[PDB]
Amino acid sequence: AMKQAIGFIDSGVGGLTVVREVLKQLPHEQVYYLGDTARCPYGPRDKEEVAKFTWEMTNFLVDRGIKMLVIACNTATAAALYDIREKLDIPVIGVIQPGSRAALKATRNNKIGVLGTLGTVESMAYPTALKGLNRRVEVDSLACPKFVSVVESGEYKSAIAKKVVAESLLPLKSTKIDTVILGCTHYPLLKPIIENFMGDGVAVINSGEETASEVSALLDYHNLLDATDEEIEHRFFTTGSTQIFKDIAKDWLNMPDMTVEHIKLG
């Protein structure tokens, strides 16, 4: 086949928040997705181990054949983007810089909040990236350890999801923050709950749309856009159970006949 996939890697279902926007903006492009569900959560892992896992996921998709790689996971971007971009010859991007661009576009008062895992918050990748674009922006980050489990368990629409968001995000209401970055790719699955809680004064940013535009931009830049009418065969891979992944994926994506497969990494 002539169609080459864009690859996406993530600790689980998070990266689907980028995939949705790629399906929208780049409808002719084939998606190969890998969620490392079995070693989720990545949040509390050290930088070295996260990078090692990101490489295992990368090597898996490079072997299947990809023309580009999106590290659709914040802690993986922080841990390993530069090394992976360096060593591969295909385009590689992450999700931190696009979310930073999106947030700085949405803010009115330059007070930005960031929600993330422990690994991401401790990396300081968000404040560094944001102040590297605009050194006068204020950036405060809030770790939300429970969000990933709630999303992976498929409880993200439920009453318990409403409660854990209310508990975790309460501190933000003490500040004047007007923009909140969803700095874990899983969190947009909680976005309706986060928006209701924070109200109309706070723009809640899903980094997926800006990431998908950058994918489009780079493909267009290097003449890598697919120009074929070959039938699109999206492939999804998980290190965990396929049915749970399908149930979440089919809810987030409008895709009833999705092909999901279980694989091994190590």
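Sequential numbering from 1, following the sequence displayed.
As recorded in the PDB entry, 222 to 230 is the stretch of 56 to 64 and 222 to 230 with the greater mean C-alpha temperature factor. In this entry, the higher average B-factor at the C-alpha atoms falls on 254 to 262, of the pair 12 to 20 and 254 to 262.
Between the residues 206, 239, 216, 30, the entry's highest C-alpha temperature factor is the one at 206. Annotation for residue 128: CA B-factor lies in the middle third of the chain's modelled residues. For residue 186, the recorded CA temperature factor ranks within the lowest third of the chain's modelled residues. The entry lists a Cα temperature factor for residue 175 that places it in the highest third of the chain's modelled residues. Among all modelled residues in its chain, residue 69 ranks in the lowest third by Cα B-factor. In this PDB entry, the Cα temperature factor of residue 117 sits in the top third of its chain's modelled residues, the highest group.
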